[PDB]
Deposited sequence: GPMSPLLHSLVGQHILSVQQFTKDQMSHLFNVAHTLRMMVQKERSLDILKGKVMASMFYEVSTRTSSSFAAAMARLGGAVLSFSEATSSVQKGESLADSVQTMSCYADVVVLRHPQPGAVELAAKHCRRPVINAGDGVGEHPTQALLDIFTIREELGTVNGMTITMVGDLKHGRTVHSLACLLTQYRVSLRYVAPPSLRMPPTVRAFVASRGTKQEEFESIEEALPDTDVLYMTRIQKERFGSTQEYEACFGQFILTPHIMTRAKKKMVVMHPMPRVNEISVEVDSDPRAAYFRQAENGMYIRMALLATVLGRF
């Protein structure tokens, strides 16, 4: 009842908190079966089409890996004024049981899914919506700290542009949280983001460096800036973060986290990526109606 069977998965909006939880439990069960190395044939005979038109390789790899580890196969669309995307999507759905689609044009992911006879999982659309990233982001917080509820979640870097940070903020208003924003004056959190957050009644506070936002941070959620030192997490700056907290990062990083924070047990940006495989495994299994 709580698995989104045969449906398109375009935004994290569509999950009732109970479908969200079911998804998290199912990813927990898949993980444990993997750890004890069971013969997994859940999606044996099933085919996933991977259609990436903006290149995220964490996304494409985790999804492909996820499908392999269920016993499924992947067809990857490696394919200049060709056919309409919806036709390319329709045709691949003649071969596959589900389509994973990342497209940067606004509207497109949804327009491709529209008359598609198979379920399209959105892996990143034109408005930077990206549900499995949001789902793995929450799932991680709960995994690392026990609970999402009652935490301070601090976001660092280019918050003006990176539209998945703005995905997570809104979704985090379904929980009891306080949101901190670190960002240089030019790249601050946009207003209608902050308006929705306030509109749903979530406490928010802007800070100018990591150092000053840190001692009360439970989740330090880091992001690249691109084109200074007030947004670069270092082991120096870490001597101030609580003992229990976790540092997350959707990846890739370049500058924003020093390699020497990696052996910090609170550094969770690799565990985070692995959680991604497992929630994606759950979404696949669930979308194809086995779990």
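Engineer: Numbering the deposited sequence from 1, which residue ranges have no coordinates here?
Structural biologist: Coordinates drop out over 1-6, 86-90, 239-250.
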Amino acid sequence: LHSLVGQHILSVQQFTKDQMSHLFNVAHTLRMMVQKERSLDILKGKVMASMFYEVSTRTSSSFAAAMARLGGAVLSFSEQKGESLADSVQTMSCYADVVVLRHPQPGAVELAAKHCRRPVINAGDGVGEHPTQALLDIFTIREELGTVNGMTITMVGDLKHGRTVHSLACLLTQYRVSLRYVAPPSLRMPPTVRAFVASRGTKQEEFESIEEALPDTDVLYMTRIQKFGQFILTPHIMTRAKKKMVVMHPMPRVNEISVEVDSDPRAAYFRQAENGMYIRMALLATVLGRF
From here on, numbers count along this sequence of modelled residues.
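Engineer: Per the entry, where is the mean C-alpha temperature factor higher: 135-143 or 210-218?
Structural biologist: Per the PDB record, 210-218.
Engineer: Averaging only over Cα atoms, indicate whether 95-103 or 201-209 has the higher B-factor in the PDB entry.
Structural biologist: Comparing 95-103 with 201-209, the higher average CA B-factor belongs to 201-209.
Engineer: Among 38, 46, 249, 266, single out the one with the highest C-alpha B factor in the record, please.
Structural biologist: Max CA B-factor in the entry, restricted to 38, 46, 249, 266: 38.
Engineer: Have a look at 29, 50, 223, 62 and flag the one whose Cα has the highest B-factor in the entry.
Structural biologist: Spelled out: the listed residue with the top C-alpha B-factor is 223.
Engineer: Could you look up the Cα B-factor of residue 184 in the entry and say which third of the chain it sits in: lowest, middle or highest?
Structural biologist: Highest third, going by the recorded CA B-factors of the chain.
Engineer: If you rank every modelled residue in this chain by C-alpha B factor, which third holds residue 153: lowest, middle or highest?
Structural biologist: Within its chain, residue 153 is a middle-third residue by C-alpha B-factor, going by the deposited values.
Engineer: Could you look up the Cα B-factor of residue 114 in the entry and say which third of the chain it sits in: lowest, middle or highest?
Structural biologist: Tercile = middle for this residue's CA B-factor.
Engineer: Could you say whether, by C-alpha temperature factor, residue 238 belongs to the lowest, middle or highest third of its chain?
Structural biologist: Ranked within chain, residue 238 CA B lands in the highest tercile.
Engineer: Ranked by Cα temperature factor within the chain, is residue 71 in the lowest third, the middle third or the highest third?
Structural biologist: It belongs to the lowest third of the chain when residues are ordered by C-alpha B-factor.
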